[PDB]
Amino acid sequence: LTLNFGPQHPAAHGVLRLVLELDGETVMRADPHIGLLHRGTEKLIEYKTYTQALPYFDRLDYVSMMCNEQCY
Amino acid sequence: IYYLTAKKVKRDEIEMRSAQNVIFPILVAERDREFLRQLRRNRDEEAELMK
Amino acid sequence: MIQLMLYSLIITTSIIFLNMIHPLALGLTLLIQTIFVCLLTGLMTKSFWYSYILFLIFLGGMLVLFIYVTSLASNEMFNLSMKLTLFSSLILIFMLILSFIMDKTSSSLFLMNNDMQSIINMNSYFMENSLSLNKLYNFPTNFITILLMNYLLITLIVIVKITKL
Amino acid sequence: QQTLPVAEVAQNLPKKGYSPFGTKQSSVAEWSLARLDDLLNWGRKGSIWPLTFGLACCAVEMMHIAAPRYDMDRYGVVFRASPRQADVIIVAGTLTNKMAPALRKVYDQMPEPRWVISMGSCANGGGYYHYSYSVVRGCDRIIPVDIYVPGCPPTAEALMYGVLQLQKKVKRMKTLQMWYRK
Amino acid sequence: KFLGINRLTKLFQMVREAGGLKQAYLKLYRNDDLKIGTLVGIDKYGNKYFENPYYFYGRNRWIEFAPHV
Amino acid sequence: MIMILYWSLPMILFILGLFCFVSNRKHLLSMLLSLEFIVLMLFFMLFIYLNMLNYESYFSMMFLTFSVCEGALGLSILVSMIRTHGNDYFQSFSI
Amino acid sequence: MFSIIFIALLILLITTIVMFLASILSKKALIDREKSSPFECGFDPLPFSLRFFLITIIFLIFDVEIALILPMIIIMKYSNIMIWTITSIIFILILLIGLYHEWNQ
Amino acid sequence: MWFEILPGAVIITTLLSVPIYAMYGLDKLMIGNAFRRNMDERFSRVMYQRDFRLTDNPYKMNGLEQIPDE
Amino acid sequence: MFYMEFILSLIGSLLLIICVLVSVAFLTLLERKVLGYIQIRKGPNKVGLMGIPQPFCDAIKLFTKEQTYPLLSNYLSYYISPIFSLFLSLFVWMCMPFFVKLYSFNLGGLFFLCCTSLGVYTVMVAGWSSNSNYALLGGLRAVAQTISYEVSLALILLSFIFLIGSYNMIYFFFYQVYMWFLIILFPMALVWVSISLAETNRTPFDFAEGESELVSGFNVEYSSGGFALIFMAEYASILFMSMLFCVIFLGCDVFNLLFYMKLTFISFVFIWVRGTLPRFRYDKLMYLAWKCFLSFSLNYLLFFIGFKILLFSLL
Amino acid sequence: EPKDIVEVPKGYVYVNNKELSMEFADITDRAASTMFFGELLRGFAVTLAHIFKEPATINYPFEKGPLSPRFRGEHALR
Ligand code: SF4
């Protein structure tokens, strides 16, 4: 059974697409498909200055805000 | 406590069964008289129908 | 009267069981036949124990295997036809009005119920579903139900071997 | 705009009432259809079930109306995971190019009436990735949107203000009056 | 009190301070909770701002809007 | 007569289920479901027999146990060909 | 039992009438290609499992076994006590030994 | 505060108390006897049959006034 | 045969059905309210007055939305699952112990086991006809857990029938005239709570119909009236399990208002375990249903076989 | 007090490092907690104690939550 834990699914974080092959309840294979929330951050940093690219890191890992700003 | 409750339920159903055994033979005699009478009318009806 | 209604319903479900071919639809026809068979065997008997036993064993216990296998066997849905529904309804109304125009005393079954027995019958007043089930748990017929439980365990041993797990 | 009415002026104003249509309908059939539409809109605004569609950071505020301080459950609002059982889809996050057919299919499998709330600057207008190669310039090009909540992470009072504005839109829905005038 | 009987007369004086039982009914129907508080402000638009530090933070200040709407 | 008016219908439906069991227009799952249809009709006729006697109805769960073990045996025979004959063997019209 | 048929047919008739009136009261919109599609999360799209089938078979064997444990509450006041106790203790003990043996193997 | 649950629960206590209590009124209205006759044992069914044979209402009493003077 | 028996049986059954349905609506209100109070948050409010007509807001909305279908051509098999689900949930209530006679069910436990054995059938037609792999997985998982605790439930109720000596539900009243069965059967009380949260899909046994591992097990394609009938059927099953806990363990007390207060309290307990416990797994639930509960069932059935033999000599 | 499987250093803290106890008192305590749902009873009691707590629902829009003077909202031209 091929199955999609797609972006609608709540155990996924809203953009994960887990294409998983199932023999019964067991998971024989699980390929994560990502890039559904790819926003082209590294292409957009180079067209802006340092203080303009500082708010990108707040939106990168968005449960760790001040740590990302601290790292940048 | 369940043993005492089951003893109470047992004596209640034994009281009901003894009352049933009292009521029973009068109703048996009444059924006997009606059964013999109905057998007589059934034999008479079968005799007059099959002439 | 209601015995003739169950006769008509069993006839109608049997002829549509003969007509249809989709395997889950035959499974649905079996599960709705089992209810009418349970009720109709309940009309002849003193009490409804064996209808309940047939119900738990056959419908809720065994036919769920058939429903699961026939559900995973067929990918497609039912193709409902209004012609077969109309023919089943027409033969059902015809058989109910045929039971209306027929004497129900001659068509009733000769098997005695709990109230069709004599009033002076001592055995009927004792306890509901007591004397019929008595021979299951008395000498010398208890060896058959011990052999039946052993037979069910041996059946499970057979089934594990033949499916190969 | 209009100046909000001064209390000297507003004391002379009568009460608005619950019904936006008013009870001054002429025909008895038109009045009956107006009250039936009022009851239908009250039932629809009394419980809207939004869908668990959280794409990006905005959704971290979306759970913050689930949170005990703001408490969306006393507004008829409770999350449903399946798109069939849900009324509303809240686009809360960044719709990308790989995300577009998934959002369109999830919206199309939702049953009508379908109100859509765009939560956040990535949901409406593209926002902070508006000039990106793989970000759709707002979700208005794909899914038709009824309420647009403005803030980059909308505060949760502002998202719930969008929810109350959607409830006012649902209360203003005219279906049976339009059927009588069709 | 240990049991909480003295909150019933607080509910009763809430009813009397609302203006009766019908006015308390339409206050409970409109404002989702019944509260007492010191009247702090009245706008030119007719709103009424009440404050009472008995409640916890976030609930100690409330608006009651103008009664023409 | 007695056979025409009483217990005629289980015979007719038993022959109908037997003809559904052996017809070439059906498949193996239809054979098994028609087999349990004649199991139900056999229970009907056996209960009509067993209720002429008063207190011998306890045999009805013996035949039930044997025929239910037959049905589970037939299903476990039929699904044991899934890993060998594939999932398309349920549509086989011939053996 | 004849009243049970009447009340069950009335419950079935009331539920079908309520669902028919719900289908009338449901808002009829234009039917679509994607709206009729089966729901897979997001992007659009099982074999036979033997373990669940033997779960159903174990359920069936234990169900037919329970159908022989069912009568003996009534028979306890109307049978030989020694025979009834021997059959009940043997019945549940062989069931427990079989369950523990299938657990260990 | 926490007493707002009791609007949603006590009503549940009332409604499910309806289908017996109304019958405890209603059997006192059209029958006159508050309890319908129990049909579990066969002897109760036979004696109920005897009552419905004796009077057209089986819950109507045939007391000692039925007995003729002798 | 006297016709007022039929008339009053019909009136009492229809009144029972109506009151059960309105109690289902108010049970959904109670669950949304106190399930909020399980956490810090409030329950429903702001609709009508103090959130009371919120289930009527649910009922107006669910009976108006577009009845969508999992496929466009043939969908009559999609209809037959909520009809039979609500039919069984309103039909199982006929074996309630009524002291004023409504139906003389001398075998009520077998009737309850029959309706529970159809629960698997309505959820199996719920799973298959919805044409989705999530729907088939949820239907197979629900059929798996319900037939896994069907055997356990049959053995537990079969152990309880040994105490009263018959299958008549009103015989639970006469054996509870001095004390409740909660005192004597407290591990059976915990096991029966674990049983009653398994046949009806609640949070402790929610791998069948959860929102985490599946989006929805068998309500995934059901909406706009079918979901309303399924939801009402499941909450009627919750009400039936609360009543059946209150008859067996707590004294039947059918007339007293304290019985219905305890029924609302056991519904409160059902919503109390709704907010507390996490969800079991498939392997751990096969371990629970077939080894622990089965071994406890057979062992304590042996205990009551010995106890009912010991009291039979003494009485 | 169970013994340590791994010796805990000065700058670190170890979780699930306790040995499983083998004396009969601790085995009977763990057995009674397994059989009679003691830890589930503690979880149920902790859950039920939060019904009696004050709700934190701030009743929007009659009462609005705290803000700050630095708060960023609608841009405006002074
Ligand atoms: S609008 Fe702002 S907060 Fe929302 S997803 Fe985009 S960057 Fe994040």
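In this analysis, Cβ positions are derived from the backbone assuming ideal geometry, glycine residues included, and neighbour counts consider all displayed protein chains. Since every read-out is calculated from the coordinates, none of them should be taken as a lab result.
Key figures
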{"item": "Cα shape, chain E, gyration tensor, a/c 1.5 rule", "result": "oblate"}
{"item": "Note, ³J(HN,Hα) from phi for the range E:41-49, Karplus 6.51, -1.76, 1.60, rounded to Hz, x at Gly and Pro", "result": "x, 10, 6, 6, 7, x, 6, 10, 10"}
{"item": "Between the range G:70-105 and the range I:229-261, the alpha-carbon center distance in angstrom", "result": "32 Å"}
{"item": "Selection of trypsin sites (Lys or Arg not before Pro), the range A:18-72, meeting DSSP coil and at most 14 other Cβ within 10 Å", "result": "A:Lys48"}
{"item": "Whether the range G:1-85 is rounded, prolate or oblate, judged on the alpha carbon gyration tensor where a/c under 1.5 counts as rounded", "result": "oblate"}
{"item": "Charge dipole of the range D:1-116 about the Cα centre (unit charges at C-beta), most positive-ward option of D:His64, D:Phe53, D:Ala102", "result": "D:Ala102"}
{"item": "Kyte-Doolittle at least -1.0, axis length at least 20 Å by Cα - qualifying DSSP helices, chain D", "result": "D:28-46, D:156-171"}
{"item": "Label-point separation, C:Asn113 to F:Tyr6 (7 Å along Cα→Cβ), nm", "result": "1.7 nm"}
{"item": "In sequence order, calculated HN-Hα J values of the range F:43-53 (Karplus, 6.51, -1.76, 1.60; Hz; x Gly/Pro)", "result": "5, 4, 6, 5, 6, 4, 5, 6, 8, 5, 7"}
{"item": "Estimated inter-spin distance, B:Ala19 and A:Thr49, nm [label 7 Å along Cα→Cβ]", "result": "10.2 nm"}
{"item": "Furthest towards positive pole of dipole, D:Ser134, D:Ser118, D:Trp31, structure part chain D, Cβ charges", "result": "D:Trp31"}
{"item": "Rounded tilt (10° steps) of E:6-18 against the dominant C-alpha axis of chain E", "result": "20 degrees"}
{"item": "Listed peptides G:86-98, I:205-217, G:69-81 by packing density, highest first (mean Cβ within 10 Å)", "result": "I:205-217, G:69-81, G:86-98"}
{"item": "Convex hull volume per residue for chain D, taking Cα atoms only, in Å³", "result": "161 Å³"}
{"item": "Over 20 Å between alpha carbons, listed pairs D:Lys16/D:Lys169; D:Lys45/D:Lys174; E:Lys48/J:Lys64; D:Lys15/I:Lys42; I:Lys291/J:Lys18; I:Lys42/J:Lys53", "result": "D:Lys15/I:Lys42; I:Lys291/J:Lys18"}
{"item": "Tail beyond 21 Å, pair distance distribution of chain H (Cα, percent)", "result": "54 percent"}
{"item": "Inverse of mean 1/r across different Cα pairs in the range I:150-191, Kirkwood, Å", "result": "11.0 Å"}
{"item": "Dimensionless Rg ratio for the range F:2-92, taking C-alpha atoms and the 2.2 N^0.38 Å reference", "result": "1.33"}
{"item": "Gyration tensor (alpha-carbon) shape descriptor, chain I, a/c threshold 1.5", "result": "prolate"}
{"item": "Packing rank of C:88-97, J:24-33, D:78-87, where each peptide gets the mean count of other beta carbons within 10 Å, highest leading", "result": "D:78-87, C:88-97, J:24-33"}
{"item": "Cβ-placed point charges (K, R +1; D, E -1), dipole of chain H about Cα centre in debye, nearest 20", "result": "240 debye"}
{"item": "Cα lying deepest toward the dipole's positive end in chain B, options B:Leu36, B:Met50, B:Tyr2, charges on Cβ", "result": "B:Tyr2"}
{"item": "Mean projection area, nm², convex hull over Cα of the range J:34-74", "result": "5.8 nm²"}
{"item": "Residue-averaged beta-carbon neighbours from other chains (10 angstrom radius) around I:91-103", "result": "4"}
{"item": "Distant-in-sequence amide H partners of D:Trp115 (H built 1.01 Å from N, under 5 Å)", "result": "D:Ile89"}
{"item": "Cβ-placed point charges (K, R +1; D, E -1), dipole of chain G about Cα centre in debye, nearest 20", "result": "340 debye"}
{"item": "For chain A, diffusion coefficient by Stokes-Einstein and Kirkwood Rh (Cα), 37 °C, 0.692 mPa s, µm²/s", "result": "225 µm²/s"}
{"item": "Descending Cα extents along the principal axes, the protein assembly as shown, whole Å", "result": "119, 82, 78"}
{"item": "Fraction of antiparallel bridges per DSSP, the protein assembly as shown only, in percent to nearest 5", "result": "65 percent"}
{"item": "The range D:54-133-the range E:1-56 distance, computed between alpha-carbon centres (Å)", "result": "37 Å"}
{"item": "q = 0.24, 0.25 Å⁻¹: log10 I(q)/I(0) that the Debye formula gives for the range C:81-165, counting C-alpha atoms only", "result": "-1.19, -1.21"}
{"item": "Cross-link reach list, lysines versus C:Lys46, counting only Cα pairs under 18 Å and skipping chain neighbours closer than eight places", "result": "C:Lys135"}
{"item": "Counted charge near C:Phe58, where neighbours are those whose Cβ lies closer than 11 Å (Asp, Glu -1; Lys, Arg +1)", "result": "-2"}
{"item": "For chain E, size of Cβ-based charge dipole, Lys and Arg +1, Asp and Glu -1, in debye", "result": "200 debye"}
{"item": "Calculated from backbone phi, Karplus (6.51, -1.76, 1.60) coupling profile of the range I:212-229 in Hz, x at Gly/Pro", "result": "9, 6, 10, 5, 5, x, 9, 9, 6, 10, 8, 7, 6, x, x, 5, 5, 5"}
{"item": "Label-point gap, in nm, between J:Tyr12 and H:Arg50 - each point 7 angstrom along Cα→Cβ", "result": "9.0 nm"}
